[PDB]
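Colleague:
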Amino acid sequence: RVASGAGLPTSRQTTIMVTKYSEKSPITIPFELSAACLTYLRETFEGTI
Amino acid sequence: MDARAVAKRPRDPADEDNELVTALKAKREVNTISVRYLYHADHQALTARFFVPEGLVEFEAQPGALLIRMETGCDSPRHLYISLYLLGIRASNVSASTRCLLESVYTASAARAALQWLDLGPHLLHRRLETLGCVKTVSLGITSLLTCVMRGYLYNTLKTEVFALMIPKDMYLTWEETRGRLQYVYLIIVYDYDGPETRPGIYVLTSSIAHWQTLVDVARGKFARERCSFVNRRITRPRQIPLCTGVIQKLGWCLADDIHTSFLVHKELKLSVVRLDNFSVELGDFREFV
Amino acid sequence: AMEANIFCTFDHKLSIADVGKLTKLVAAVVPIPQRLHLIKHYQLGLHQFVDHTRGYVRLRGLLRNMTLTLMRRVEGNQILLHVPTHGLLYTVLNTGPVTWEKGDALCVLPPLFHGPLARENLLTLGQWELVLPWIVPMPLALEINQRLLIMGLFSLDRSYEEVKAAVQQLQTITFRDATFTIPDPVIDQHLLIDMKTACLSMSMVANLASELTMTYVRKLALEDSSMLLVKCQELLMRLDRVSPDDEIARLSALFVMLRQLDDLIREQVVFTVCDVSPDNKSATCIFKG
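Chains as they are written, first to last, in PDB author numbering: chain D, 99 to 147; chain m, 1 to 290; chain o, 3 to 243, 259 to 306.
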C-alpha cells in the first residue's frame, strides 16, 4: 500500500489467494517386433554358424 | 477457579500494556511505528466519519454544530447533510436581519437545493429530517471529512479541549427564569398553520423538565397559537390531511451553568450564538404533540 | 476475562457444510425468549412460533417484547450469542431485502415468507428450520404495517372488482430499488384471528369516538374557559351537514380497545446506523433499546 493525505481515498488492508493446477498429457510411442526375429531370439536352435 | 482468579479486582483499561505492544514484544522486533501509547484509547465518545460536499460546510469549520440529514425523492444523492444554521433560513422564527445575513453566505448548489427540497408538504417535512448528532473536526477539502459523535461527550483529541454546542440566538428558547442544576436540550419544531403558507419555525428548548408528558404540558401551554392555527386549518379546509403540528426530540444535556453568548467568525460575518460548553450528545426518537 | 455472552448448544448432529453455512452469519440479529445462559437450539428464531391459523400480527406481538441478541462466534458444540447493551456500537449483518444508509432508524420485523418458501437456503434440520427477522428502515416498517392494516381492513368484501384493483395495487410497496411485494392476509376467504381483532378494535375505537364525544361536549359546554371547546363542537355540528351504565361500559371499552393497539400505533427503534460497509451487506449499528 501507499499512504496518501487526509481525506483522500486510501487503501483497505487487502490479501489475495491464487491456486494453480496441473494438466495431464501422457505420451506414447508404440512399436512392433517381428515374428521371425522373436522366434529366433526366445527359442534356441541347433549349432550352426 | 481459585480465589485469586475468581474474586480478582476489575482492571484499569489503560494500566496494562497494549495488545499491539505485547504482540510486538513477544517476538522482540523493532518497527519505526511508535507503539507504546495508543491515542483515542479511553474515548467514551463514539466517532463517525461522514462525507459531505463543499456546498454545505460553510460555518462548520468551527468545531461544534448540529448535523441533520434529509431524504429526497431522487435516488443517488438521496441523503443530504444539512447543518443547523441552514435549517433556519427556511424557518420563519429567525428575524429578517439574521436571515438576510446568512442567506448571503450559503451561495452554493446543494444548499439552495436543500432549501428547495424543503418545499413539499409539512407532514412529510416531519419525516424528512432525522438527527445525526454533532460534529467536532473537519478537514477543509473539496469533500471534507467530518467526525460525527452520537453518544457521549464532545471533545478534542487527547482530551485537552472540551468542544461546545452552538445554537443561534433566535432559536434559543428558555421557558423559565431560574435554571435548575441540570437541563436537557431539545429540538422543537412548530408549524404556524396559516391559510396559504405553511412555512415552519425551528426552536431549541433548554428545559430542566425530564418526564415527557410534563414537557408536552408546558408545550401545549406555550404553543396555543400553533394548535389554534392547526385546528383553524382543519376546519377551514376539510377533506385534506394535516397532522403532526408540533415535533419534539432530545438532543442531549448540558450542565446548566456554562450557558453564555458568544460570536461566530466565518467569512467575516459575526453570528451571535449561545454556547453550551461541557456538552454531551444523547439522542432520542422523534416524538410529537397535537 | 470473558464477556457476558449466552452459550447455545445444538442437540442435533452438525455437519461441516451446515457449520460452513452458519458461519456466514457472524454478526447476525437473533431473537431469544428469555435471556438465560444455556439455551437449546429450538430457541434460535421464530420457528417455535410459526403457526397456521395465526399469522403476521401475532408474530409482531411476540417480536416486540422478544429479547434479541447478536451471534459472535461459531465453533464445535457451542454458539456464543452476545447480548447487546443500550449505548454501545455493534456490527450487524443485513439479512434483509434492502440496503441501508447512514442514519436510518432500524427496527426488527418478522419475515414475510413462511416455512413454505422456494428461495430460502438456511440452516435446516429434520424438523428445525432456522429463520431470522429482517431489519428494515423504520419508514419501510411503518409503510408495511400501515398497508397491511389497510388491505386487511378489506378482508370481507373481495367479490367486487374495484376492491380487487385496490388490493392488487396495494399488494406492493415502493422503496429504494424495491419492487418488493407483500402477500395477502386473506387466504382462501377466511381471516387469521388476530388480524381480525386488530382491525375490529380499530373500527371500534373509531365508532366509539365518533359517537360519544358529542354527548360529552354537550355536558362539557358549561365550563368553557378556553377557546378550544367551541370549535371542538363546531366540528361535530359540521359533521352532520343515555343510561349511565352503558356509557360507563362504553368508555371502559374505549380505553381497553385503545390499550390493545399499542403494538400497532407505536413501536420502538432498535438499531440505528453509524456507517455502512462496502457492498452493503454489513453495518455497524449502535444499539438503542
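Even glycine gets a Cβ: it sits at the ideal position worked out from N, Cα and C.
For chain m, is any of its Cβ atoms less than 8 Å away from the one on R66 of chain o?
Modeller: No, because no Cβ of chain m sits closer than 8 Å to the Cβ of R66 of chain o.
Colleague: So, do the stretch 108–122 of chain o and the stretch 198–207 of chain o have three or more beta carbon pairs nearer to each other than 8 Å?
Modeller: In short, these stretches do not touch, since the Cβ pair count stays below three.
Colleague: Counting Cβ pairs closer than 8 Å, one from the stretch 143–162 of chain o and one from the stretch 124–133 of chain o, do we hit at least three?
Modeller: Verdict: no, contact absent.
Colleague: Bridge partners of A107 of chain o, per DSSP?
Modeller: According to DSSP, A107 of chain o bridges with o:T289.
Colleague: Counting C-beta neighbours from all protein chains within 10 Å, is the total for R75 of chain o 16 or more, i.e. buried, or is it exposed?
Modeller: Burial call: exposed.
Colleague: Please give me, in chain order, every unbroken run of the beta strand (DSSP E) with length at least 3 that falls completely inside the stretch 58–86 of chain o.
Modeller: Correct list: 69–77, 80–84.
Colleague: Please tell me whether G55 of chain m has its Cβ less than 8 Å away from any Cβ of chain D.
Modeller: Judged by the 8 Å Cβ criterion, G55 of chain m is not in contact with chain D.
Colleague: Flag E236 of chain o as yes if its beta-carbon sits less than 8 Å from any beta-carbon of chain m, otherwise no.
Modeller: Closer than 8 Å to some Cβ of chain m, the Cβ of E236 of chain o qualifies, so yes.
Colleague: What does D15 of chain m touch in chain o if you count any residue whose Cβ is under 9 Å from its own?
Modeller: What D15 of chain m touches in chain o: nothing, since even the nearest Cβ is about 14 Å away.
Colleague: When you compare each of m:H40, m:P53, m:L102, m:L132 to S139 of chain m by their alpha carbons, which one comes out closest?
Modeller: Of the candidates m:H40, m:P53, m:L102, m:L132, the one whose C-alpha sits nearest the C-alpha of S139 of chain m is m:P53.
Colleague: Is the Cβ of residue 1 of chain o closer than 8 Å to any Cβ of chain m?
Modeller: Past the edges of chain o, shown from 3 to 306, lies residue 1 of chain o, and the structure says nothing about it.
Colleague: Along chain m, which residues have their Cβ under 7 Å away from the Cβ of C302 of chain o?
Modeller: Within chain m, no residue comes near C302 of chain o; the closest Cβ sits about 11 Å away, beyond 7 Å.
Colleague: For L46 of chain o, which residues from the same chain have a beta carbon less than 7 Å from its beta carbon, with the 5 sequence-adjacent residues on both sides left out?
Modeller: For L46 of chain o, where only same-chain residues beyond five positions count, the Cβ hits under 7 Å are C10, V32, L132.
Colleague: Under three-state DSSP, which class holds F272 of chain o?
Modeller: In this structure, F272 of chain o counts as helix in the three-state DSSP scheme.
Colleague: Can you tell me the Cα-Cα spacing of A219 of chain m and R60 of chain o, whole angstroms?
Modeller: Cα-Cα distance, rounded: 36 Å.
Colleague: Along the stretch 103–114 of chain o, where does the CB come closer than 9 Å to a CB of chain m? Name the residues.
Modeller: Per Cβ criterion, the list reads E103, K104, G105, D106, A107.
Colleague: Can you pull out the residues from the stretch 155–182 of chain o whose beta carbon lies closer than 9 Å to at least one beta carbon of chain m?
Modeller: The residues in question are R178, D179.
Colleague: Measuring only the C-alpha atoms, how far is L132 of chain m from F230 of chain m?
Modeller: Each residue's alpha carbon lies about 29 Å from the other.
Colleague: Go through its chain and collect everything with a Cβ distance to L125 of chain m's Cβ below 8 Å, but skip five positions before and after it.
Modeller: Here the set comprises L118, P200.
Colleague: Going along the chain, which residues of its own chain have a beta-carbon closer than 6 Å to the beta-carbon of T261 of chain m, five neighbours each way excluded?
Modeller: So the list reads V274, once near-sequence residues are dropped.
Colleague: Within 10 Å of its beta-carbon, does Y37 of chain m have 16 or more other beta-carbons around it, so buried, or fewer, so exposed?
Modeller: Per the 10 Å Cβ criterion, exposed.
Colleague: Does DSSP put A41 of chain m in a helix, a strand or coil?
Modeller: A41 of chain m: coil per DSSP, three-state reduction.
Colleague: My parser needs the alpha helix (DSSP H) runs of 4 or more residues fully inside the stretch 101–160 of chain o; what are they?
Modeller: Qualifying alpha helix (DSSP H) stretches, in chain order: 140–154.
Colleague: Let me see if you follow: with CB-CB separation under 8 Å, is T143 of chain m close to chain D or not?
Modeller: True, the Cβ-Cβ gap to chain D drops below 8 Å.
Colleague: How about the stretch 235–248 of chain m and the stretch 66–84 of chain m: do they share at least three Cβ pairs that are nearer than 8 Å?
Modeller: No: fewer than three Cβ pairs fall under 8 Å.
Colleague: For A104 of chain D, decide whether its Cβ has a neighbour in chain m, counting only Cβ atoms nearer than 8 Å.
Modeller: For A104 of chain D, the answer is yes, since a Cβ of chain m falls inside 8 Å of its Cβ.
Colleague: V190 of chain m and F223 of chain m - do their beta-carbons sit closer together than 8 Å?
Modeller: Closer than 8 Å, so yes.
Colleague: Using DSSP's beta-bridge definition, name the partner residues of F177 of chain o.
Modeller: Per DSSP, o:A180.
Colleague: Using a Cβ cut-off of 8 Å, pull out every chain D residue sitting near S34 of chain m, in sequence order please.
Modeller: Within chain D, no residue comes near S34 of chain m; the closest Cβ sits about 16 Å away, beyond 8 Å.
Colleague: In the DSSP assignment, find the alpha helix (DSSP H) that holds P122 of chain m and state where it starts and stops.
Modeller: Residues 122–128.
Colleague: So is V100 of chain o in contact with chain m if we call contact Cβ pairs under 8 Å?
Modeller: With 8 Å as the cut-off, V100 of chain o does not count as an interface residue toward chain m.
Colleague: Could you give the first and the last residue of the continuous beta strand (DSSP E) run that contains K270 of chain m?
Modeller: Looking at the DSSP string, the run of the beta strand (DSSP E) that includes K270 of chain m is 269–276.
Colleague: Counting beta carbon pairs with one atom in the stretch 290–306 of chain o and one in the stretch 96–110 of chain o, are three or more of them shorter than 8 Å?
Modeller: Yes, they touch.
Colleague: List the DSSP bridge partners of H192 of chain o.
Modeller: For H192 of chain o, which the question treats as bridged, DSSP gives the partners o:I189.
Colleague: According to the neighbour-count rule (16 or more other Cβ atoms, all chains shown, within 10 Å of its Cβ), is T108 of chain D buried or exposed?
Modeller: It is exposed - the Cβ of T108 of chain D has fewer than 16 other Cβ atoms within 10 Å.
Colleague: Using a Cβ-Cβ cut-off of 8 Å, state whether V286 of chain o counts as contacting chain B.
Modeller: The structure shown contains no chain B; its protein chains are D, m and o.
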